[PDB]
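Data first, discussion second: the structure below is written as structure tokens.
Residue numbers (this note's numbering), protein chains in the order written: chain A, 153 to 368; chain B, 18 to 595; chain C, 17 to 233.
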């Protein structure tokens with residue numbers, strides 16, 4: 153019914169500037185206070201700043217100066233201005249509302265999809281997909297050399313779901329991300345049943361559908 | 018008056034035999050003499066009812082009449098146990114209770130069959146007692162044997178003794194026939210066990226679907242509705258036999274058999290010989306009838322099932338009918354597909370319609386439905402042709418060996434004796450189905466494996482030792498094969514120790530048939546896998562060949578129990594270096 | 017300063033069990049301003065408890081909050097497999113711009129040991145046409161999470177040319193999956209033949225390997 157839709161997050165060059173926006177669908181939001189919370193990959197939650205129904209905005213100590221919350225009530229949208237971004241700003245940025253009834257309390261009920269902002273100077277590179285052909289054994293795909301995150305991998309356009317394990321991306325010593333999405337299938341299905349991994353990396357508008365089939 | 022209605026219908030003899038079978042199936046522990054009494058008492062009462070259907074007590078249900086008789090000697094837990102629980106209940110509770118207490122594998126020692134002289138002598142002594150003895154033993158060991166059919170195996174069992182005991186070479190005439198009746202027996206009991214399981218665990222809808230497929234394949238020329246009419250009837254029949262209502266099951270079967278024979282020109286042209294035979298031979302014959310000749314120029318299915326403008330309107334109105342027609346049409350056209358495969362294609366067609374039909378552009382969404390079938394029909398074909406090849410190169414022996422390991426590594430928790438049995442039976446799927454061409458293969462193989470697998474399940478149900486088995490067994494009935502073959506090596510399992518007496522052969526081995534000797538080895542092999550799974554490939558094939566040669570030598574070593582004694586409790590570590 | 021310490025850092029308990037998560041803040045949090053959040057992989061956080069002990073609507077009764085001042089406790093009376101997640105405790109400190117969350121606790125379910133069924137895939141031909149070679153070694157569905165994956169090329173044990181990833185605990189079988197990926201140039205790759213993968217896991221009595229010989233099939 154009521155959910156927060158964020159967007160505006162992506163790859164940023166150090167010292168760069170970015171503006172995350174949050175638009176809510178299903179409620180007014182003009183009478184509520186909205187917060188901003190981020191979370192670096194693998195780390196925990198970090199409260200940034202808040203904006204009440206009125207214009208008043210409070211910021212975490214560390215954030216004040218680089219981040220700037222603002223609300224466009226004629227459009228039902230709260231933004232978060234990120235200036236002089238540092239590599240340590242890379243984190244999934246959430247847009248959460250303070251539960252109606254409180255203002256300074258750390259209670260947030262409604263959150264947002266949470267957009268990811270990768271603050272790095274590196275340019276945006278699509279991924280290459282390599283088949284991890286089968287040895288009831290498994291097969292899978294190898295999505296190598298891509299940046300920034302995130303990348304989504306599907307199997308047989310969604311058909312094949314159970315058995316699938318898309319691994320968490322890791323940074324290569326080359327700075328670029330890499331991952332492997334495998335799936336366990338019945339051995340006797342190989343060759344007879346077509347297996348295709350669909351990799352999608354919207355940051356670079358890269359899309360691939362690699363057919364995985366045993367080699368020999 | 019029901020007991021009377023069934024007695025006049027079936028005839029005295031068949032009635033007697035059926036009731037005896039019903040009694041041996043409920044109380045598989047009571048002695049032959051006990052059951053004989055009770056059956057002869059029920060037959061009396063049945064006659065008093067035929068001469069007065071209004072007579073006191075002749076109008077009550079068969080469950081009551083039969084259930085009462087059983088409770089006259091069931092309050093003896095010192096030989097039965099919990100069957101007294103069933104008697105403290107009123108129908109149909111008491112009935113369902115009994116059924117529930119049918120022991121799949123009774124604590125009954127297989128009955129080694131005497132010599133031809135002994136048997137024939139016993140047969141000529143009291144021909145009746147001999148046959149009733151037969152029925153009793155079979156039924157109590159196979160509580161879910163198709164009753165009507167059992168009567169058929171008893172009619173041929175008798176005839177076999179009838180013609181062989183008056184023969185020149187009594188053992189040459191009687192043994193190959195007694196062996197065959199034994200093979201067709203297990204087969205009939207197993208193949209029925211699966212039907213009862215389908216109905217009891219997956220509901221009537223399931224069995225009817227199976228029937229529609231099997232019957233559409235067998236009578237491809239018959240119209241859908243004639244097939245449907247048959248599926249309903251056949252289901253009612255098996256539902257009764259599986260529910261313990263043997264008398265009404267045999268009655269309705271006979272009536273169904275009559276219908277089929279009277280309507281041949283609307284079912285199958287292969288039935289003419291069947292419909293000559295006496296009623297018992299006729300029934301058996303009809304269920305064994307060869308598929309009819311598929312009608313010539315059959316049309317494309319994509320017409321009424323994919324491009325039609327009414328697909329979704331029709332799939333919504335009557336889903337069981339629209340899909341029944343799809344299965345009927347696809348089955349009749351593919352006597353080369355296993356019933357299970359056919360059911361999968363049907364399930365696929367269903368799901369894609371369940372998805373597409375309620376979409377924006379349905380017709381385009383399911384427009385490629387038939388394309389999904391390809392990888393579904395081939396997977397089994399490929400696995401067959403491949404396995405059949407492997408079988409041709411390894412022989413049944415080495416083939417069971419390969420399967421012994423594959424299945425022992427799959428579910429180690431399973432009993433070794435049980436592993437050897439199931440594995441050997443499964444390996445027999447090679448000899449029994451690879452002989453046929455890729456046209457008659459899948460239905461042969463996959464449907465046979467269904468039976469062996471069902472047997473596995475019902476056997477595992479009693480004392481479960483692997484959740485993986487229970488999974489496959491309880492999940493889809495159709496995909497049990499794929500589910501079992503799917504399983505991979507169980508890395509969890511912990512080595513079964515190493516009992517140095519488990520790998521020590523003795524003299525007594527040297528006087529067994531080659532088949533027994535093979536079982537002895539296969540048993541030891543399972544143990545070897547249990548004591549060293551995970552890490553072991555064809556290095557077992559090296560120890561397996563070493564046991565065959567090692568036994569071959571010792572059984573010809575002018576041995577005095579020595580060759581095996583010393584080269585046993587000490588030769589273990591020799592070979593156990595790897 | 018503020019510094020809110022949450023412990024344990026992570027914990028494994030069976031279904032049924034009762035898991036207790038603590039959250040100790042250095043400066044006594046403001047009046048009851050102590051919230052508890054639950055965050056499932058990928059999904060955002062979810063408010064479970066506020067005012068230290070108040071549950072929010074749509075939260076299992078099994079979740080209970082307690083504590084006051086500097087010590088707060090989140091308790092799961094009967095652990096369910098769907099309780100698999102990382103928990104966080106947020107506090108208020110009269111400073112507002114001081115709102116801080118605990119380190120968070122990671123709850124993972126207990127289920128009988130299960131060795132990892134391994135696989136090994138040599139590089140693809142499309143990838144060798146790039147001059148790179150990636151050999152992946154999958155350790156699928158196992159438990160516990162601790163596993164040792166070593167690479168031996170022509171028996172030459174490796175180190176520093178492979179980075180492995182691991183997935184969260186499966187919502188089905190409560191198991192993990194590990195992908196060890198050894199990368200060598202093409203030249204490095206075609207210089208050898210025996211590419212192996214050594215896996216030592218608490219569920220194996222013997223450290224198994226799954227090698228393959230370059231080129232062969």
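Even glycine gets a Cβ: it sits at the ideal position worked out from N, Cα and C.
Is the number of C-beta pairs between the segment 166-174 of chain B and the segment 70-79 of chain B that are closer than 8 Å three or more?
Contact between the segment 166-174 of chain B and the segment 70-79 of chain B is not established, with fewer than three Cβ pairs separated by less than 8 Å.
So, at 6 Å on beta carbons, what are the nonlocal neighbours of residue 250 of chain B in its own chain, with the 5 sequence-adjacent residues on each side left out?
The beta carbon of residue 250 of chain B sits closer than 6 Å to those of 273, all from its chain and outside the five residues before and after it, given in chain order.
Under 8 Å, with one C-beta from each stretch per pair, do the segment 109-127 of chain C and the segment 19-32 of chain C reach the 3-pair mark?
Contact between the segment 109-127 of chain C and the segment 19-32 of chain C is present, because at least three Cβ pairs lie under 8 Å.
Could you give the residue range of the beta strand (DSSP E) that holds residue 122 of chain C?
From DSSP, the beta strand (DSSP E) with residue 122 of chain C extends over 121-126.
Under 8 Å between the Cβ atoms of residue 363 of chain A and residue 348 of chain A?
By the CB criterion at 8 Å, residue 363 of chain A and residue 348 of chain A fall inside the cutoff.
Between which two residues does the beta strand (DSSP E) carrying residue 220 of chain A extend?
DSSP places residue 220 of chain A in the uninterrupted beta strand (DSSP E) bounded by 219-224.
Just checking: is the beta-carbon of residue 550 of chain B within a distance shorter than 8 Å of some beta-carbon in chain A?
Residue 550 of chain B does not count as touching chain A.
Cβ of residue 224 of chain C within 8 Å of any chain B Cβ:
Residue 224 of chain C belongs to the set of residues whose beta carbon lies under 8 Å from a beta carbon in chain B.
Express the C-alpha separation of residue 38 of chain C and residue 167 of chain A in angstroms, rounding to a whole number.
Going from the Cα of residue 167 of chain A to the Cα of residue 38 of chain C covers about 39 Å.
Unbroken alpha helix (DSSP H) runs of length 4 or more, entirely within the segment 328-388 of chain B: which are they?
Runs found: 328-334, 336-349, 356-373, 379-382.
Look at the Cβ atom of residue 592 of chain B, then the Cβ atom of residue 562 of chain B, and state whether they are nearer than 8 Å.
Not a contact, by the Cβ cut-off of 8 Å.
With 16 other Cβ atoms within 10 Å as the buried cut-off, status of residue 116 of chain C:
That one is buried.
For residue 296 of chain A, I'd like the list of residues in its chain whose CB is within less than 7 Å of its CB, leaving aside the five on either flank, ordered along the chain.
Contacts found: 279, 280, 282, 330.
Chain A contacts made by the segment 389-403 of chain B, where a contact means CB separation under 7 Å:
So the close ones are 392, 395, 396, 399, 400.
Interface flag, residue 182 of chain C vs chain B, CB-CB below 8 Å:
Contacts with chain B at 8 Å (Cβ-Cβ) do not include residue 182 of chain C.
Along chain B, in chain order, which residues have C-beta atoms closer than 8 Å to that of residue 133 of chain C?
Around residue 133 of chain C, the beta-carbon contacts reaching into chain B at under 8 Å are 505, 506, 508.
Name the residues in the segment 134-156 of chain C whose C-beta lies less than 9 Å from a C-beta of chain A; which are they?
For the segment 134-156 of chain C, the beta-carbon criterion of a distance under 9 Å to any beta-carbon of chain A is satisfied by 135, 136, 137, 138, 139, 140, 141, 142, 143, 146, 148, 150, 152, 154, 156.
When DSSP labels each residue in this structure, what does residue 276 of chain A get in the three-state scheme?
Here residue 276 of chain A sits in coil by DSSP.
Beta carbon proximity, residue 25 of chain C to chain B, threshold 8 Å:
Residue 25 of chain C does not count as touching chain B.
If we call anything under 8 Å between Cβ atoms a contact, is residue 199 of chain C one with residue 178 of chain C?
The answer is yes: Cβ separation under 8 Å.
Quick test of the definition: if touching needs 3 or more C-beta pairs under 8 Å, does the segment 344-361 of chain A touch the segment 304-315 of chain A?
At 8 Å Cβ cutoff, the stretches touch.
Would you mind telling me which residues of chain D sit closer than 9 Å to residue 104 of chain C, beta carbon to beta carbon, in chain order?
Of the protein chains in the structure, A, B and C, none is chain D.
Taking DSSP's pairing of strands, which residues face residue 247 of chain A in a bridge?
Under DSSP, residue 247 of chain A shares a beta bridge with A/188.
Determine whether the beta carbon atoms of residue 581 of chain B and residue 524 of chain B lie at a separation below 8 Å.
Their beta carbons are under 8 Å apart, which means residue 581 of chain B touches residue 524 of chain B by this criterion.
Continuous alpha helix (DSSP H) stretch holding residue 26 of chain C: start and end
For residue 26 of chain C, no alpha helix (DSSP H) segment is defined; the enclosing uninterrupted segment is the beta strand (DSSP E) at 26-30.
Residue range of the beta strand (DSSP E) that residue 166 of chain C falls in?
Where residue 166 of chain C is concerned, the enclosing beta strand (DSSP E) stretches over 163-169.
Check whether the segment 503-511 of chain B and the segment 545-554 of chain B are in contact - that is, three or more C-beta pairs closer than 8 Å.
Three or more beta-carbon pairs drawn from the segment 503-511 of chain B and the segment 545-554 of chain B are found closer than 8 Å, and the two stretches are therefore classed as touching.
Can you name the residues of chain A whose CB is closer than 9 Å to the CB of residue 483 of chain B?
The contacting residues do not exist; residue 483 of chain B stays about 16 Å from chain A at best.
Which residues share a DSSP beta bridge with residue 400 of chain B?
Bridge partners of residue 400 of chain B: none, in fact.
Considering only the beta carbon of each residue, do residue 319 of chain A and residue 216 of chain C sit closer than 8 Å?
Contact flag unset, no.
Using only the alpha-carbon positions, how far apart do residue 321 of chain B and residue 352 of chain B sit?
Residue 321 of chain B and residue 352 of chain B have their alpha carbons spaced roughly 21 Å apart.
Euclidean distance between Cα positions of residue 567 of chain B and residue 560 of chain B
The alpha-carbon atoms of residue 567 of chain B and residue 560 of chain B are separated by roughly 10 Å.
If we call anything under 8 Å between Cβ atoms a contact, is residue 158 of chain C one with residue 130 of chain C?
Remark: C-beta atoms of residue 158 of chain C and residue 130 of chain C approach each other more closely than 8 Å.
Extent of the continuous alpha helix (DSSP H) to which residue 285 of chain A belongs
Where residue 285 of chain A is concerned, there is no enclosing alpha helix (DSSP H), given that its DSSP letter is neither H nor E.
Cβ-based neighbour list, residue 556 of chain B, same chain, cut-off 8 Å, excluding 5 preceding and 5 following
Cβ neighbours of residue 556 of chain B within its own chain (closer than 8 Å, five residues either side excluded): 595.
Going by alpha carbons, who is nearest to residue 194 of chain C out of C/206, C/43, C/112, C/132?
Answer by Cα proximity: C/132.
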